[PDB]
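To begin, one chain is listed below as structure tokens, in the form deposited in one PDB entry.
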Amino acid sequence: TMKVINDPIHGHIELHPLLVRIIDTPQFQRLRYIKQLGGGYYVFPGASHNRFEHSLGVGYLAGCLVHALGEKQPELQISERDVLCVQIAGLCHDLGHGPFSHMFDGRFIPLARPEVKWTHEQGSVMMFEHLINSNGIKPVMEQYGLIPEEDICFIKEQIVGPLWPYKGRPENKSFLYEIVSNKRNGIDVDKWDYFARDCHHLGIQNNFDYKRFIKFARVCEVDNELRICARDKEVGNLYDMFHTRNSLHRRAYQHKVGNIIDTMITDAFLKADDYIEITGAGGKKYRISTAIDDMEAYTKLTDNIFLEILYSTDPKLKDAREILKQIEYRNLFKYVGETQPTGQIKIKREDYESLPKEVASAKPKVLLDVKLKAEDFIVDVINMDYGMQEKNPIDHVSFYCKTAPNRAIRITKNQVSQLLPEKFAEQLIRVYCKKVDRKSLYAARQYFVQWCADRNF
């Protein structure tokens, strides 16, 4: 009954029967058709993996971490119930992802439904609830030892945080809330998992080594609240981990061609929004933007919509079809130029829609015969940080010393090295053009340099 599955990254993953029963559901098997990198597959031809193996690996890593922590410290009183709950929470932490992963919740939803705030963790929680109530998993849960009344709440809290504001587990079990997702300093098994998987698949070498971190992990009584500590001689390792994350974002996740491909795919989805019907619960009909209201219709919302629009013949989908055909001919939107890392100004989300008008309104000192409108400019804003919005993540980590392994201390930046970056946040503004002839590109470059000079960038 103890199934074994072979993963290209890890070794052989040992699966509990309850996890096997949970996995064999349509809701979880939906993840087989949602790619890990939406627009990045058309730049790296090796990044064709999905979130299925990602969730499997995250669950495996959570189980390994909790097992090691329990083994090295027998007074924490960790039972099989807690291990099963942690593995279940780590297995179903990305059930709410939509088509093309982060594109759906970062580019399409704000542009189609700006009156709703929706992240993928909310969708994950609702999808997990739907799966549990639909597939009849509770009697198995009491069969195998779990108590659904508080275990469901614990698993829900492990994903979206509080909704000591927690209710699943008491105060002396706080170290169980910082495994799958950490809300304090952003160190978790999810980061390690996708670091390893993306580095293996893209063709880019990794730097971080999580096994050494697990070997030197401990639980301290920091501010009358138990939490995971780290050995004080691995501060440079954490800094290198964050540098590796920054390098991955710089090289692969924020590629210009991939970003513009995501933009064109989102444009096609927006143009093909009012002509796609999805059957919901009770025979109701939904839309692409409205499908995040009913899970019975959101279950069948995957990357198949791209080929549905591309292979269609309906006369009402002509524009989106043409956009996709231009995508497949590499008639991409041209790239004009990027502003230097912003001197000092922060652009909020609501200011994104006014930038093309500002770019087009700028009058060059030299008159241009060609004229351009605000509709033919794509302005993109990129944010780079350490996950804490100008804060130092290492300032929230606790370290211990070998002489007294029961005490936690804090380490400042000045005590590590002088070769560290001064700032922890950045912004980058990118401008693209729709017109492709050389004269329009030259005019767009003149407009861009004039606008950059005018706003003092």
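Between two forms, the rigid core is the largest collection of C-alphas that superpose within 1.5 Å. Don't overthink the numbering: it's just position in the shown sequence, from 1.
As for the form deposited in another entry, it is not shown, yet the points below apply to it.
- Just one residue from the list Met241, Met264, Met141, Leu202 crosses the 2 Å line for C-alpha shift between this form and the one not shown on a rigid core fit, and it is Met241.
- For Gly282, the Cα coordinates differ by under 2 angstroms between this form and the one not shown after the core has been superposed.
- Taking 2 Å as the criterion, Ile34 does not count as shifted between this form and the one not shown: its C-alpha moves by less than this amount when the rigid core is aligned.
- After superposing the rigid core, the C-alpha of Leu69 moves by less than 2 Å between this form and the one not shown.
- Panel note: the distance between the CA atoms of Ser361 and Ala268 is smaller in that other deposited form than in this form, the difference being 3 Å or more.
- Relative to this form, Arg251 and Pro341 separate from one another in that other deposited form, with their C-alpha atoms ending up at least 3 Å farther apart.
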